[PDB]
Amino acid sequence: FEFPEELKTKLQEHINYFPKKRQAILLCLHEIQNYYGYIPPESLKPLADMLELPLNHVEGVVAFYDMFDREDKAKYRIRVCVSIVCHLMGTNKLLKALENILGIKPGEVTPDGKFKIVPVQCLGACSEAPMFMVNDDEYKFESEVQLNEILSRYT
């Protein structure tokens, strides 16, 4: 397996950034998920080499950290907060809208393979509950029509 030049450039950048290469592991994994929509299993042996880490270490890191997905490819991840405050304020209303618009439930990927709904713990935006993200973007859920407009920005 080979990283495309454009990705590999950014990975080497992260590796150069910290005083020790291994410290860049999460920046690298973040980068790989963004490029592919997930962490390809076959991506980890070349990563490890760039990191100068044993494959087993890199694999265990991927397993530990909840944001990294090794199974499902998805262009956009809709992280819906399922913690106390958002639950109080109306998480299930947001999930209902997502079901109406996308036809999928938490943990599922559209047959399109472009949206995955990812249930997450508190997003640190509780005053604006119910809260969700679309990849790096973060929003309060207000209404179905708003959610529609928001999701339409991602193609």
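For every residue, the number given is its place in the sequence shown, counted from 1.
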Exercise for review: Could you check which stretch, 3-11 or 146-154, carries the larger mean CA temperature factor in the entry?
Suggested key: 3-11
Review point. Looking at the entry, does 82-90 or 107-115 show the higher mean C-alpha B-factor?
Key: 107-115
Practice item. Would you mind checking which of 62, 120, 125, 55 has the top Cα temperature factor in the PDB entry? Key: 55
**Study point:** 27, 50, 98, 129, ranked by C-alpha B-factor: the highest one
**Key:** 50
Review point. By its CA B factor, does residue 42 count among the lowest, middle or highest third of the modelled residues in the chain?
Key: highest
